[PDB]
């Protein structure tokens, strides 16, 4: 047993929770825009969606800086890691806000969109793949500590190209992986495949993020102006 490891778990858990409200903590509200038929694009929904995406990107940067050692990396390496992982973490985040009964996802201001509205906000032909990923996350029953650590593991990874100090990043990732296995096994000792299944979701996230970046390129053709600047930073 390690006191340092337990403090790391609590610190990452609290950093996730304070930068990403839980479904249960949110006052849900809805919209009647484009709610019943899929269209190419509803620009009112794109505008609201992209605004919320921008806010969540800021929250991910805030979460990252709360991770032990992260601000000890070069500023360039911090930005490199954020740019490489932010879409992955966003995809994880919105898929933890999925309500199977209503077939909806909920954003951090409580906006709750049905599947068609998600499509119409810009997800387009990526919509059903995203909802199926969200679907297959549910059986894991991850809690907010596990989502936070998995997100941290996604972000702090020394494989990203163009890192200055990849070995320093590897060493920062090591206790995160240790903490997630410890925590997961302790919380559900009868389900020992939970930790490896959680790590396998990172590859799935990367696949979904890649499709979302491809979708960003066609969506650009359809909106009257450039995407919001922090979204562009992520997509470069």
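Residue numbers count along the first chain shown, from 1.
Asker: Mean CA temperature factor from the deposited coordinates, higher in 217-225 or in 15-23?
Answerer: On average, C-alpha B-factors are higher across 217-225.
Asker: For the C-alpha atoms alone, is the average B factor greater in 24-32 or in 57-65, going by the entry?
Answerer: Stretch with the higher mean C-alpha B-factor: 24-32.
Asker: Would you mind checking which of 122, 100, 148, 110 has the top Cα temperature factor in the PDB entry?
Answerer: The record points to 100.
Asker: Of the choices 154, 95, 129, 82, which one's C-alpha carries the largest B-factor in the record?
Answerer: It is 129.
Asker: Thinking about Cα B factors across the chain, which third does residue 205 belong to?
Answerer: Ranked within chain, residue 205 CA B lands in the highest tercile.
Asker: C-alpha B factor of residue 6, ranked within the chain: lowest, middle or highest third?
Answerer: Residue 6: CA B-factor falls in the lowest third of its chain.
Asker: Sort the modelled residues of this chain by their C-alpha B factor and say whether residue 181 lands in the lowest, middle or highest third.
Answerer: Its C-alpha B-factor belongs to the lowest third of this chain's values.
Asker: Would the CA B-factor of residue 174 place it in the lowest, middle or highest third of its chain?
Answerer: Tercile = lowest for this residue's CA B-factor.
Asker: Would you please rank residue 191 by its C-alpha temperature factor against the other modelled residues of its chain and give the third it falls in: lowest, middle or highest?
Answerer: Within its chain, residue 191 is a middle-third residue by C-alpha B-factor, going by the deposited values.
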